[PDB]
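Taking it in order: structure first as structure tokens, then the write-up.
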Amino acid sequence: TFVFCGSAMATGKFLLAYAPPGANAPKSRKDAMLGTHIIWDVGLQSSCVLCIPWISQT
Amino acid sequence: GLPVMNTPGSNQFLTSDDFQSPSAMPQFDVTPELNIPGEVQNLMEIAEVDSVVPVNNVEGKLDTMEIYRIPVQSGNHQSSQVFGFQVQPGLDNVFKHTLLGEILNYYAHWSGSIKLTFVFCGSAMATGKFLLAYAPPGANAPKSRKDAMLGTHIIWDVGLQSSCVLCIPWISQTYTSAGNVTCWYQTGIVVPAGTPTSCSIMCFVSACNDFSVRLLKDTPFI
Amino acid sequence: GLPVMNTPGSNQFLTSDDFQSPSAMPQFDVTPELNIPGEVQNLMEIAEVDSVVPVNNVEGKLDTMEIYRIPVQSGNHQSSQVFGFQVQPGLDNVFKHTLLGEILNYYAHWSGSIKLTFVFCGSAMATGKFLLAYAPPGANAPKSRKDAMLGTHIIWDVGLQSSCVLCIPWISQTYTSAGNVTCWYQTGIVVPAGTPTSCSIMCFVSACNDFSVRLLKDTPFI
Amino acid sequence: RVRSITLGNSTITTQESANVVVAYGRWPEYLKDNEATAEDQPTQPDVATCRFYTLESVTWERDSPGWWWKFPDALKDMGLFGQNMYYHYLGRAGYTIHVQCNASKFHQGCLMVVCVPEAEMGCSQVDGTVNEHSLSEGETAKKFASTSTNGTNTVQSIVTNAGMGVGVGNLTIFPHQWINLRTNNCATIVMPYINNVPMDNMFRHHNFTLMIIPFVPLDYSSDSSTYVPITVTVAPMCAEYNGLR
Amino acid sequence: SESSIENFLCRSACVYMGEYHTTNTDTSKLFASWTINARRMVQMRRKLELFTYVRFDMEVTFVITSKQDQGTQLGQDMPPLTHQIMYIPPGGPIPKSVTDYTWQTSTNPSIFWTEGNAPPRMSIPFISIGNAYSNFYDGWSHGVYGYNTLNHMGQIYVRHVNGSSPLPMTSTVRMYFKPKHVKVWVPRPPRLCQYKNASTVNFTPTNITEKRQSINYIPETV
């Protein structure tokens with residue numbers, strides 16, 4: 001869960017992106033847009049939620 | 001056989017006649033139709049769509065985006081005019097090149113009702129009041145805020161509503177003999193510390209369902 | 001009597017009109033029809049017949065029976081190309097003068113599916129394998145035996161089958177933008193002692209039942 | 001009052017109070033079965049074409065004329081949907097486009113967001129022809145200008161004529177949405193596949209064009225941020241290609 | 001009712017006027033030709049650009065007038081003149097002289113007409129392997145920007161039908177064109193700038209509208 005702790009007058013947009021195991025991390029905003037992502041407007045929502053499905057260890 | 005008699009009008013070419021004609025490619029089966037989205041049956045479906053009015057059509061800015069923005073200034077000017085125009089689609093420069101104006105200019109007679117929408121594009125901290133006034137055809141435009149209050153008007157608080165709507169009922173065509181609309185500062189705009197001072201209003205025009213047109217002609221623009 | 005009015009188009013001769021005409025020999029009873037075998041109702045009955053393709057249309061042999069024979073050579077060449085062409089009936093030289101090509105050249109638009117048959121004309125002692133590969137329109141022709149294997153292909157063993165069949169589904173007309181077909185040596189040809197060394201392949205083309213044509217025009221050959 | 005949406009291995013977050021424009025009333029769908037029964041069999045990927053792709057954000061400053069993108073080929077480097085553009089000879093698809101802003105209550109401005117089919121553009125030289133690079137740069141946006149342009153082979157990109165020779169106040173005839181920083185900051189447009197043939201090749205034809213155009217410029221005061229970011233996210237819908245077997 | 005699509009588009013217009021002789025020393029002045037499209041008639045072009053896709057049939061009527069050349073020779077006694085009007089579908093042979101073989105191809109429909117009668121007329125169906133015509137194309141021909149080959153509609157050619165060594169004469173043809181059974185898809189905004197050539201959408205930047213005196217100005221009421 002992500003929560004924005006700014007004043008109630010601030011607005012803007014973030015891009016939250018997820019890469020699966022075995023994939024490289026995106027290097028730009030555009031190739032992060034070309035994968036799995038959500039666009040988060042903090043003038044509308046103060047918090048965002050993500051659920052990640054394939055977790056194991058070594 | 002079959003005695004027959006030719007009438008006047010025989011063997012003439014009338015440019016608007018309606019007759020069956022022989023096909024030059026009878027043995028050709030045509031491609032069947034596709035169901036393409038967005039089909040049109042009537043031009044009044046184009047005129048019932050809103051489009052932005054260039055209300056600020058004064059010198060020096062006929063080729064910029066500024067032509068579309070009504071300026072709201074800062075400070076205390078609580079009885080001055082903001083804007084005013086005559087409602088004359090088809091003829092008047094401010095309405096002439098909109099989607100509604102471009103259609104009406106294909107016909108020599110038209111009539112119906114019109115819809116005007118106003119939208120306030122300022123910051124969410126600004127508050128104030130405007131007075132929107134309508135004068136019918138044959139009446140002079142009001143000269144003050146008080147006589148505009150003495151006619152048909154609405155008081156629009158932009159701290160409560162961001163948009164206002166008007167429907168005008170007696171529109172026809174041919175020092176105008178048309179109705180007019182004007183806007184006045186009732187209070188002035190008030191802001192907190194750290195917000196922009198000036199701001200803008202935008203106008204949208206459209207037609208209402210009862211609009212009719214007659215006598216297709218040629219348009220005067222190309 | 002009977003008031004009547006002549007319309008435009010009266011007393012003209014339209015080359016494609018369809019009117020009843022007066023007979024010049026009314027008192028003449030015609031010979032009745034005979035039931036001759038082999039009657040035709042439609043030109044697509046001619047295009048659905050196989051005909052031999054001149055795949056070997058290179059220099060020095062455009063006037064011999066050799067134009068129809070694809071050469072299969074002897075020895076070990078088990079990754080080399082045997083032949084390849086683009087599938088373009090009507091326009092391309094190898095398909096242009098067949099029974100299907102000659103019909104299609106009477107019409108300005110056509111579309112359907114096509115059938116290609118390959119037949120091995122060697123001795124009954126010869127064995128080996130070929131790889132037959134199809135690339136769709138908009139794709140490049142394969143350059144090796146391995147990337148032809150990575151697409152749509154069939155492996156054809158001539159010691160088991162003497163003939164192979166292909167049906168191609170998306171054919172239309174207008175550095176081609178058409179599909180292609182290629183053939184590769186998978187193994188090489190193997191014979192016992194006392195049999196001829198070289199041999200030949202033949203191609204037949206035809207149309208499948210769903211073939212359509214439009215806009216009769218004039219052919220460019222006479 | 002926040003919804004969380006997952007397509008594939010992607011997740012984004014929107015507000016449940018969103019408003020959605022379905023372009024002409026038509027949702028996207030597959031060409032059903034039997035336009036071309038016999039030797040025209042299609043296939044559909046449905047693997048990682050149905051997933052959110054997020055481009056780079058653009059920066060809205062005080063003097064920004066606008067931005068435009070071409071579809072497709074704004075996605076020709078986007079993972080699998082871009083691979084399928086090279087492997088297959090014909091295709092088709094609809095799209096869902098989300099546009100979002102990040103701004104405060106002390107900012108102000110107004111944007112039009114419009115999706116225009118067949119947006120054929122004019123050259124800066126009247127007896128000239130447009131170049132392929134000047135029409136698009138893929139996932140990077142082209143820019144409108146505030147005055148009339150020059151140079152060879154360039155789109156004439158003065159923003160009042162939108163590069164098409166019309167009045168820019170009349171683009172509301174197309175599927176569009178308004179973003180007024182005062183009342184909302186988001187826009188969703190669902191576009192179906194619109195062509196005069198059922199399938200087509202995806203490299204030499206631009207089906208539609210997404211444009212974003214400020215009608216009231218960004219304004220701020222003393223020590224607010226001097227820019228506002230805009231973010232675009234695209235999900236392809238009901239994609240379909242020619243069969244390969 | 002007058003704003004329906006049929007009443008707005010289905011109207012006749014003169015789209016081409018051409019001259020041709022019976023004898024000349026240029027041999028291109030011996031026949032007249034026209035390629036069918038709706039982009040060199042500026043008033044029809046603009047009404048057609050309000051939509052993205054169109055589908056219609058065509059009807060063509062021909063008005064033909066002749067004259068003896070003022071060269072020298074008088075006292076003639078001539079029978080009325082005959083003319084041939086040939087339509088070529090898309091994918092047909094094009095003549096290059098008036099003596100060419102293509103004036104006799106069985107798949108080019110043709111009309112034979114002699115002066116004094118009613119004006120000739122032919123009817124062409126929707127001819128396209130696509131499902132609609134397009135007024136706008138954001139693509140490449142395969143390379144020309146904005147030009148797609150599905151919009152081909154054919155050509156018209158006109159000559160005299162004399163024998164050998166004819167007498168000198170000059171004719172003029174006017175073609176009147178009319179679309180019928182029309183359907184349109186995806187409305188667009190109206191063209192605001194003047195057209196510059198017949199194949200592109202090129203334009204010089206234009207003002208949004210004309211000016212007035214101030215943003216408050218309303219003219220004095222009568």
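Going by the structure tokens order, chains are called A, B, ..., each with residues numbered from 1, while ligands are numbered from 1 in the order shown.
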Just the strand (DSSP E) stuff from region 17-159 of chain C, please, per backbone DSSP, written as a PyMOL selection string. chain C and resi 51-52+70-72+81-86+107-121+129-135+152-157
If we count only C-alpha atoms, what is near residue 173 (chain B) at a cut-off of 9 Å, once residues fewer than 5 positions away on the same chain are taken out, given as JSON, numbers by chain? {"B": [88, 89, 90, 91, 108, 109, 110, 111, 178]}
Using only C-alpha atoms, which protein or nucleic acid residues come within 10 Å of residue 5 (chain C)? Drop anything in the same chain fewer than 6 positions from it, and give the result as a list in words. residues 4, 5, 6, 7, 8, 9, 10 and 11 of chain B
Give me the residues near region 46-51 of chain B as a CSV table (one decimal) with N, CA and C atoms, in the first residue's frame, where near means some atom within 7 Å (using only C-alpha atoms) and where sequence neighbours in that chain fewer than 2 positions away do not count.
chain,number,residue,atom,x,y,z
B,43,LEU,N,-28.3,15.7,-40.9
B,43,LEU,CA,-27.4,16.8,-40.5
B,43,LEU,C,-27.7,17.4,-39.1
B,44,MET,N,-28.9,17.3,-38.6
B,44,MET,CA,-29.2,17.9,-37.3
B,44,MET,C,-28.5,17.1,-36.2
B,53,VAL,N,-17.1,28.6,-28.6
B,53,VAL,CA,-17.4,29.9,-29.2
B,53,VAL,C,-16.2,30.8,-29.1
B,98,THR,N,-19.0,28.1,-36.0
B,98,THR,CA,-19.1,26.9,-35.1
B,98,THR,C,-19.7,25.8,-35.9
B,99,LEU,N,-19.9,24.6,-35.2
B,99,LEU,CA,-20.6,23.5,-35.9
B,99,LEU,C,-22.0,23.9,-36.2
B,100,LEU,N,-22.7,24.6,-35.3
B,100,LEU,CA,-24.1,25.0,-35.6
B,100,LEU,C,-24.1,26.1,-36.7
B,103,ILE,N,-23.6,24.7,-40.3
B,103,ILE,CA,-24.7,24.0,-40.9
B,103,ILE,C,-25.7,25.0,-41.4
B,204,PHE,N,-19.9,27.4,-24.7
B,204,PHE,CA,-20.2,26.4,-25.6
B,204,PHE,C,-21.6,26.6,-26.1
B,205,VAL,N,-21.8,26.4,-27.4
B,205,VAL,CA,-23.1,26.5,-28.1
B,205,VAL,C,-23.6,25.2,-28.7
B,206,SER,N,-24.9,25.0,-28.7
B,206,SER,CA,-25.5,23.9,-29.4
B,206,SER,C,-27.0,24.2,-29.7
B,207,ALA,N,-27.6,23.3,-30.5
B,207,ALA,CA,-29.0,23.4,-30.9
B,207,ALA,C,-29.8,22.4,-30.0
B,208,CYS,N,-31.1,22.8,-29.8
B,208,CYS,CA,-32.0,21.9,-29.1
B,208,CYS,C,-32.8,21.1,-30.2
D,169,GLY,N,-11.7,24.7,-32.2
D,169,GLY,CA,-12.9,24.7,-31.4
D,169,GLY,C,-14.0,23.8,-31.8
D,170,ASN,N,-13.8,23.2,-33.0
D,170,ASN,CA,-14.8,22.3,-33.5
D,170,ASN,C,-14.4,20.8,-33.4
D,172,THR,N,-14.8,18.9,-31.0
D,172,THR,CA,-15.7,18.2,-30.1
D,172,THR,C,-16.7,17.3,-30.9
D,173,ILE,N,-16.7,17.3,-32.2
D,173,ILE,CA,-17.4,16.4,-33.0
D,173,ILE,C,-16.8,15.0,-32.9
Within 10 Å of chain D, which residues belong to chain E? Use only C-alpha atoms and report them as a compact mmCIF listing (two decimals) with N, CA and C atoms, in the first residue's frame.
# COMPACT_ATOMS: atom_id res chain seq x y z
N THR E 52 -16.28 10.65 -43.07
CA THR E 52 -15.06 9.90 -43.27
C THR E 52 -15.25 8.76 -44.24
N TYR E 53 -16.39 8.11 -44.22
CA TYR E 53 -16.63 7.03 -45.16
C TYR E 53 -17.95 7.24 -45.87
N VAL E 54 -17.97 6.96 -47.18
CA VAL E 54 -19.13 7.16 -48.03
C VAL E 54 -19.35 5.92 -48.89
N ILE E 129 -13.53 -3.26 -54.02
CA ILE E 129 -13.37 -4.48 -53.27
C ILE E 129 -13.38 -4.22 -51.77
N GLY E 130 -13.33 -2.96 -51.35
CA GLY E 130 -13.59 -2.61 -49.97
C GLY E 130 -15.07 -2.41 -49.71
N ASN E 131 -15.38 -2.04 -48.48
CA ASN E 131 -16.77 -1.92 -48.06
C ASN E 131 -17.30 -0.50 -48.10
N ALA E 132 -16.44 0.49 -48.27
CA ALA E 132 -16.85 1.88 -48.40
C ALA E 132 -15.70 2.63 -49.04
N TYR E 133 -16.00 3.81 -49.57
CA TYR E 133 -14.98 4.75 -49.99
C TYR E 133 -14.51 5.56 -48.79
N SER E 134 -13.33 6.16 -48.90
CA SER E 134 -12.81 6.97 -47.82
C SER E 134 -12.41 8.34 -48.33
N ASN E 135 -12.83 9.38 -47.62
CA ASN E 135 -12.46 10.73 -47.98
C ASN E 135 -11.13 11.13 -47.39
N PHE E 136 -10.64 10.37 -46.42
CA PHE E 136 -9.42 10.68 -45.68
C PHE E 136 -8.67 9.39 -45.43
N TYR E 137 -7.36 9.40 -45.68
CA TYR E 137 -6.54 8.21 -45.50
C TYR E 137 -5.21 8.61 -44.88
N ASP E 138 -4.96 8.14 -43.66
CA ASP E 138 -3.74 8.49 -42.92
C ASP E 138 -2.69 7.39 -43.07
N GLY E 139 -2.25 7.21 -44.31
CA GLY E 139 -1.39 6.08 -44.61
C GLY E 139 -0.55 6.32 -45.84
N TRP E 140 0.02 5.23 -46.34
CA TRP E 140 0.88 5.24 -47.51
C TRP E 140 0.33 4.27 -48.54
N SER E 141 0.55 4.59 -49.81
CA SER E 141 -0.06 3.81 -50.88
C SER E 141 0.51 2.40 -50.93
N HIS E 142 1.77 2.25 -50.55
CA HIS E 142 2.37 0.94 -50.35
C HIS E 142 3.63 1.13 -49.53
N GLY E 143 5.72 5.33 -52.78
CA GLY E 143 4.88 5.52 -51.62
C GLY E 143 4.38 6.94 -51.47
N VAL E 144 3.07 7.12 -51.60
CA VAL E 144 2.44 8.44 -51.52
C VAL E 144 1.63 8.51 -50.24
N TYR E 145 1.82 9.58 -49.48
CA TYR E 145 1.02 9.81 -48.29
C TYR E 145 -0.39 10.24 -48.67
N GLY E 146 -1.38 9.62 -48.05
CA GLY E 146 -2.76 10.04 -48.16
C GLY E 146 -3.53 9.49 -49.34
N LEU E 150 -8.02 1.67 -52.98
CA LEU E 150 -9.41 1.27 -52.95
C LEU E 150 -10.36 2.35 -53.44
N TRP E 185 -20.50 7.71 -42.81
CA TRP E 185 -20.02 7.33 -41.49
C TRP E 185 -18.97 8.31 -40.99
N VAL E 186 -18.97 8.51 -39.67
CA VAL E 186 -18.03 9.30 -38.86
C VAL E 186 -17.95 10.77 -39.27
N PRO E 187 -18.83 11.62 -38.74
CA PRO E 187 -18.79 13.05 -39.07
C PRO E 187 -17.52 13.76 -38.60
N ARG E 188 -17.18 14.83 -39.30
CA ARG E 188 -15.95 15.59 -39.14
C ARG E 188 -16.27 17.07 -39.07
N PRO E 189 -15.32 17.90 -38.64
CA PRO E 189 -15.54 19.34 -38.69
C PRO E 189 -15.40 19.87 -40.11
N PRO E 190 -16.03 21.00 -40.41
CA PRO E 190 -15.97 21.56 -41.77
C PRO E 190 -14.64 22.21 -42.08
N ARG E 191 -14.27 22.14 -43.35
CA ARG E 191 -13.01 22.70 -43.80
C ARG E 191 -13.03 24.20 -43.57
N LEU E 192 -12.04 24.71 -42.85
CA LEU E 192 -11.96 26.13 -42.55
C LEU E 192 -11.03 26.86 -43.51
N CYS E 193 -10.03 26.20 -44.08
CA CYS E 193 -9.09 26.89 -44.96
C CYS E 193 -9.42 26.61 -46.42
N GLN E 194 -8.89 27.43 -47.32
CA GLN E 194 -9.08 27.18 -48.75
C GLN E 194 -8.25 25.98 -49.21
N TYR E 195 -8.76 25.27 -50.21
CA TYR E 195 -8.03 24.14 -50.78
C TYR E 195 -6.93 24.62 -51.70
N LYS E 196 -5.83 23.87 -51.75
CA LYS E 196 -4.62 24.32 -52.43
C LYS E 196 -4.31 23.48 -53.66
N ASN E 197 -4.53 22.18 -53.59
CA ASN E 197 -4.43 21.29 -54.73
C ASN E 197 -5.42 20.16 -54.53
N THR E 200 -3.89 16.63 -51.88
CA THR E 200 -3.50 16.70 -50.49
C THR E 200 -4.56 17.44 -49.68
N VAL E 201 -4.30 17.57 -48.38
CA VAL E 201 -5.05 18.44 -47.50
C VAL E 201 -4.27 19.72 -47.17
N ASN E 202 -3.28 20.08 -47.98
CA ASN E 202 -2.39 21.18 -47.66
C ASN E 202 -3.14 22.50 -47.59
N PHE E 203 -2.63 23.42 -46.78
CA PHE E 203 -3.35 24.65 -46.46
C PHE E 203 -2.37 25.68 -45.92
N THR E 204 -2.74 26.95 -46.03
CA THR E 204 -2.04 27.99 -45.29
C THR E 204 -2.86 28.37 -44.07
N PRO E 205 -2.22 28.60 -42.92
CA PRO E 205 -2.95 28.96 -41.69
C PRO E 205 -3.92 30.13 -41.81
N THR E 206 -5.09 29.98 -41.21
CA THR E 206 -6.22 30.89 -41.37
C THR E 206 -6.70 31.37 -40.01
N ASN E 207 -7.31 32.56 -40.00
CA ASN E 207 -7.90 33.10 -38.78
C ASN E 207 -9.13 32.30 -38.37
N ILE E 208 -9.41 32.29 -37.07
CA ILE E 208 -10.52 31.50 -36.55
C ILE E 208 -11.86 32.11 -36.94
N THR E 209 -11.93 33.44 -37.00
CA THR E 209 -13.12 34.19 -37.38
C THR E 209 -12.70 35.65 -37.55
Go through E:37, E:216, E:106, E:170 one by one, measure the shortest atom-to-atom distance of each to residue 64 (chain E) using only C-alpha atoms, and give the residue with the smallest value.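 Selected residue with least distance to residue 64 (chain E): E:170.
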Closest-contact table, chain B side, partner chain A, 12 Å, counting only C-alpha atoms, as a tab-separated table:
residue	atom	partner	partner_atom	distance
B:123	CA	A:9	CA	10.3
B:124	CA	A:9	CA	9.1
B:125	CA	A:9	CA	9.3
B:192	CA	A:9	CA	12.0
B:194	CA	A:9	CA	10.8
B:195	CA	A:9	CA	10.5
Output C-alpha atoms for every residue in the selection just made, as a PDB file, in the first residue's frame.
ATOM      1  CA  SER B 123      -8.645  27.508  -9.237  1.00  0.00           C
ATOM      2  CA  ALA B 124     -10.741  25.612  -6.727  1.00  0.00           C
ATOM      3  CA  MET B 125     -10.083  28.297  -4.097  1.00  0.00           C
ATOM      4  CA  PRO B 192      -6.551  33.000  -0.493  1.00  0.00           C
ATOM      5  CA  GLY B 194      -0.850  31.650  -3.001  1.00  0.00           C
ATOM      6  CA  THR B 195      -3.387  31.268  -5.812  1.00  0.00           C
TER       7      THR B 195
END
Give me, as CSV, the closest atom pair and its distance (Å, one decimal) for every residue of chain E within a cut-off of 8 Å of chain B, counting only C-alpha atoms, rows sorted by chain and rising number.
residue,atom,partner,partner_atom,distance
E:2,CA,B:214,CA,6.4
E:3,CA,B:43,CA,5.4
E:4,CA,B:42,CA,4.4
E:5,CA,B:42,CA,5.6
E:8,CA,B:216,CA,7.6
E:11,CA,B:16,CA,7.2
E:12,CA,B:15,CA,6.2
E:42,CA,B:222,CA,7.5
E:43,CA,B:222,CA,7.4
E:59,CA,B:21,CA,7.9
E:109,CA,B:24,CA,6.1
E:117,CA,B:11,CA,7.2
E:118,CA,B:11,CA,4.8
E:119,CA,B:13,CA,6.8
E:121,CA,B:21,CA,7.2
E:122,CA,B:22,CA,6.0
E:123,CA,B:23,CA,4.7
E:124,CA,B:24,CA,6.0
E:125,CA,B:25,CA,7.3
E:126,CA,B:30,CA,6.6
E:127,CA,B:30,CA,6.8
E:128,CA,B:31,CA,7.0
E:129,CA,B:31,CA,6.3
E:130,CA,B:31,CA,6.9
E:131,CA,B:33,CA,5.7
E:132,CA,B:33,CA,7.7
E:183,CA,B:40,CA,7.8
E:184,CA,B:39,CA,6.1
E:185,CA,B:39,CA,4.4
E:186,CA,B:38,CA,5.0
E:187,CA,B:46,CA,7.4
E:189,CA,B:99,CA,7.2
E:190,CA,B:102,CA,7.3
E:194,CA,B:222,CA,6.5
E:206,CA,B:63,CA,7.3
E:207,CA,B:63,CA,5.1
E:208,CA,B:62,CA,6.0
E:209,CA,B:93,CA,6.5
E:210,CA,B:93,CA,6.0
E:211,CA,B:58,CA,4.9
E:212,CA,B:58,CA,5.5
E:213,CA,B:58,CA,6.4
E:214,CA,B:58,CA,5.9
E:215,CA,B:83,CA,5.6
E:216,CA,B:84,CA,4.7
E:217,CA,B:84,CA,6.7
E:218,CA,B:85,CA,5.6
E:219,CA,B:175,CA,6.0
E:220,CA,B:175,CA,5.5
E:221,CA,B:175,CA,4.8
E:222,CA,B:175,CA,5.0
